[PDB]
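Notes to accompany the following structure.
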Amino acid sequence: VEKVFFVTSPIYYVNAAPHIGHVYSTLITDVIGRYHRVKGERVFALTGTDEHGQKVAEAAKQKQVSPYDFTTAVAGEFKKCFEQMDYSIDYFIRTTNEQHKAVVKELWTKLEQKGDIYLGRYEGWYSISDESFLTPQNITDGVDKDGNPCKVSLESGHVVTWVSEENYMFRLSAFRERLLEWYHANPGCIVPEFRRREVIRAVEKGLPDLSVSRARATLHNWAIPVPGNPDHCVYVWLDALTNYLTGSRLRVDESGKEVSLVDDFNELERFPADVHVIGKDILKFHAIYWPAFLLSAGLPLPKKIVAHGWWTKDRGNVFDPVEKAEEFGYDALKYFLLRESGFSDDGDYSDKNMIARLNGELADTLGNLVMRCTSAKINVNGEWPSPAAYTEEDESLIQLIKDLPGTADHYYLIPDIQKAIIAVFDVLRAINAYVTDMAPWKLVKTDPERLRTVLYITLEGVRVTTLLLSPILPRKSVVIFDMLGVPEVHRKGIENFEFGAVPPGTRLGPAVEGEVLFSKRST
Ligand code: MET
């Protein structure tokens with residue numbers, strides 16, 4: 001089934017200015033999207049802001065300004081930030097968008113018509129900061145912004161409060177068995193595996209029905225009214241998850257503004273998401289609530305949910321993304337964030353370690369290799385030479401390069417971006433050691449014919465690795481390709497994953513008096 005490859009980030013609460021967590025989540029979305037574009041697939045990548053709810057309304061209240069003005073302002077900051085981060089996102093959705101609201105109401109009506117919504121009560125704990133319902137097992141003792149004793153969430157340590165309200169309830173309990181059938185029949189649907197196991201365990205234990213409306217006073221009337229009942233507002237999370245369906249149905253102009261909402265998602269061939277990128281803190285909403293709603297409404301389920309080790313949202317200790325990018329570089333910062341962390345919080349995020357990787361991997365491994373195989377001193381004719389016969393050592397390197405695209409492909413599709421970067425750099429380390437071994441600088445004098453072969457393999461190794469790194473180093477890959485003089489046509493497509501796609505005789509790009517890809521940093 002050829003559809004548009006649909007990849008999403010979460011939509012972020014606009015209670016506060018954007019920070020590194022949002023940038024990280026959206027980066028992963030952007031990288032996956034970029035990889036599928038380089039394979040020559042159709043891609044629609046989605047991000048945005050989650051604008052309704054008690055959390056957000058109370059934050060605007062505390063800034064003494066109207067929700068409308070506050071949300072618009074903060075949304076603007078998210079956009080400026082993401083533009084400044086040089087992503088390639090196809091659309092930025094806001095839950096205040098009038099077309100999104102219509103989609104929420106269509107979905108709600110579908111659920112109601114299906115018989116899965118009834119009027120009941122929620123009497124239990126709620127976390128406003130998480131907009132999450134909690135059972136007594138999931139709270140404990142703590143302190144508020146005062147220092148008075150209170151109950152806090154085990155999930156997140158945020159203050160909880162007791163809620164007793166007549167609410168519309170979704171019959172989530174009825175979806176236990178179907179969700180279980182789904183997890184088992186599609187064992188790649190939640191990544192990484194240990195989070196998939198968490199979800200199954202939780203659903204095995206049983207599911208209560210879920211409150212999908214709240215009394216309007218509680219939400220400071222900042223939410224979507226329930227269809228046919230204006231005394232209730234729709235649960236911010238049902239509203240928010242629906243952004244994925246909304247975005248799948250929006251025709252967007254070349255300026256990035258929405259211009260039209262189609263009736264049927266199949267018209268745009270995006271829905272369901274191929275990959276929802278999320279943080280570990282919002283797994284239940286995406287892997288339990290969302291599929292249950294979709295099953296109720298009769299919509300198709302997502303293919304993969306990937307939950308990274310950071311928190312979607314959190315917190316004298318700062319790490320500004322634009323500030324580190326101006327200091328160290330945008331591509332380098334991105335590389336670091338994707339290289340340092342797997343599916344875990346931990347990871348040395350110090351300046352010390354950022355410099356170690358910049359200098360070690362980007363400068364000494366990658367950049368060193370690019371300069372050497374393009375240098376006037378070694379590549380005396382500034383072209384791709386024609387290879388002479390290959391030794392066994394030559395072929396061992398060629399084999400590594402030939403296998404690399406298959407290996408990196410699989411990693412990108414898990415998706416495990418860290419493992420893909422590590423694969424590419426294993427191959428770059430090999431290319432270096434080959435070059436050390438062959439000493440092509442010595443060959444210019446001694447064996448020009450042997451140099452052709454060595455030089456050709458090196459150039460092609462650098463081209464292939466660079467192509468596979470182009471989703472991670474989008475600007476630098478262009479600079480590298482320009483230096484190698486790679487024609488535009490050979491800068492994407494699975495055709496160009498093959499060894500030898502650029503023919504001998506291709507001319508290198510011009511140089512510049514002083515010119516470094518990644519310049520090293522002091523300590
Ligand atoms: C449908 S994704 C919603 C994510 C939520 N606004 C958060 O910041 O965690």
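Heads up: numbering here begins at 1 and tracks the sequence. Note: hydrogens, waters and symmetry copies are ignored here, and every other heavy atom, side chains too, is used.
Side chains of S341 and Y24: a donor-acceptor N/O pair is present below 3.5 angstrom, by distance only. In this model, no donor atom of one side chain and acceptor atom of the other lie less than 3.5 Å apart for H22 and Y13. A donor-acceptor contact closer than 3.5 angstrom links the side chains of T26 and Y12. A donor-acceptor pair shorter than 3.5 Å cannot be found between the side chains of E155 and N138. Donor-acceptor pairing under 3.5 Å is recorded for the side chains of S519 and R521. Donor-acceptor pairing under 3.5 Å is lacking for the side chains of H158 and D130. In the model, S296 has no side-chain atom that pairs as donor or acceptor with a side-chain atom of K110 under 3.5 Å. Using modelled atom types, one finds no donor on one side chain facing an acceptor on the other under 3.5 Å when comparing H100 with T95.
For the pair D239 (side chain) and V234 (backbone), a donor-acceptor distance under 3.5 Å is absent.
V203 pairs with exactly one of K284, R176, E198, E177 by the side chain to side chain contact (heavy atoms under 4.5 Å, CB included) rule, that one being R176. Between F175 and the options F293, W182, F170, a ring pair (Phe, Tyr, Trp, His ring centres under 6.0 Å) holds for only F170. Put simply, the residue from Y330, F328, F425 that forms a ring pair (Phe, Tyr, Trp, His ring centres under 6.0 Å) with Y335 is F425. In summary, of the residues considered (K304, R42, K3), a salt bridge (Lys or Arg N to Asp or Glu O under 4.0 Å) with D274 occurs for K3 alone.
Using a cut-off of 4.0 Å between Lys/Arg side-chain N and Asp/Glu carboxylate O, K324 and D351 are scored as salt-bridged. The pair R178-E181 does not meet the salt-bridge criterion, since no charged nitrogen lies less than 4.0 angstrom from a carboxylate oxygen. No salt bridge links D264 with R249; every basic N to acidic carboxylate O contact stays at or beyond 4.0 Å. By the 4.0 Å N-to-carboxylate-O rule, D364 lies close enough to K520 to be salt-bridged with it.
Within a 6.0 Å radius of CG in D253, other residues, nucleotides and ligands contribute more than 12 heavy atoms. Atom CD of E498 has 12 or fewer neighbouring heavy atoms from other residues, nucleotides or ligands inside a 6.0 Å radius. No more than 12 heavy atoms of other residues, nucleotides or ligands lie within 6.0 Å of CD1 in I494, so this atom counts as exposed by the packing criterion. Applying the 6.0 Å contact sphere to NZ of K492 captures more than 12 heavy atoms from other residues, nucleotides or ligands. The 12-atom threshold is not exceeded at CD of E323, counting heavy atoms of other residues, nucleotides or ligands nearer than 6.0 Å. More than 12 non-hydrogen atoms from other residues, nucleotides or ligands lie less than 6.0 angstrom from NZ of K114.
Taking every heavy atom of both residues into account, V277 and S25 meet most closely at CG1-O, 3.6 Å.
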### Task
Mind running salt bridge (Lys or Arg N to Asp or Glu O under 4.0 Å) on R491 and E488 for me, showing each step along the way?
CA-CA 5 Å; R491 304 186 182 193; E488 282 301 306; 3.2 Å; yes

### Query
Are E460 and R463 close enough, and set up right, to give a salt bridge (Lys or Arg N to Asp or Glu O under 4.0 Å), and what steps lead you there?
CA-CA 5 Å; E460 182 65 4; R463 181 188 74 76; 2.7 Å; yes

### Message
Before you tell me yes or no, could you show the steps for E258 and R251 under salt bridge (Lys or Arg N to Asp or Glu O under 4.0 Å), namely the whole-Å CA-CA distance, both residues' side-chain angles and the distance that decides it to 0.1 Å?
### Response
CA-CA 6 Å; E258 165 261 305; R251 279 183 198 284; over 6 Å; no

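Expressed to the nearest 0.5 Å, how far OG1 of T466 lies from CD1 of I480 amounts to 4.0 Å. Rounding to the nearest 0.5 angstrom, the gap separating the CZ atom in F285 from the CH2 atom in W237 is 4.5 Å. Atom OG1 of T374 is separated from atom CZ of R372 by 10.5 Å, given to the nearest 0.5 angstrom. Here the OG1-CG distance, from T458 to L397, works out to 7.0 Å after rounding to the nearest 0.5 Å. The distance from atom CD1 of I20 to atom CG of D320, rounded to the nearest 0.5 Å, is 8.0 Å. We find the OG1-NZ distance between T246 and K101 to be 12.0 Å, quoted to the nearest 0.5 Å.
In this structure, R270 forms a cation-pi arrangement with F44, its terminal cationic atom sitting closer than 6.0 Å to the ring centre and no more than 45° off the ring axis. Judged by a 6.0 Å distance limit and a 45° cone about the ring axis, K476 is positioned over the six-membered ring of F518.
With ring centers used as reference points, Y349 lies under 6.0 Å from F336. Remark: aromatic rings of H276 and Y244 are close, center separation under 6.0 Å.
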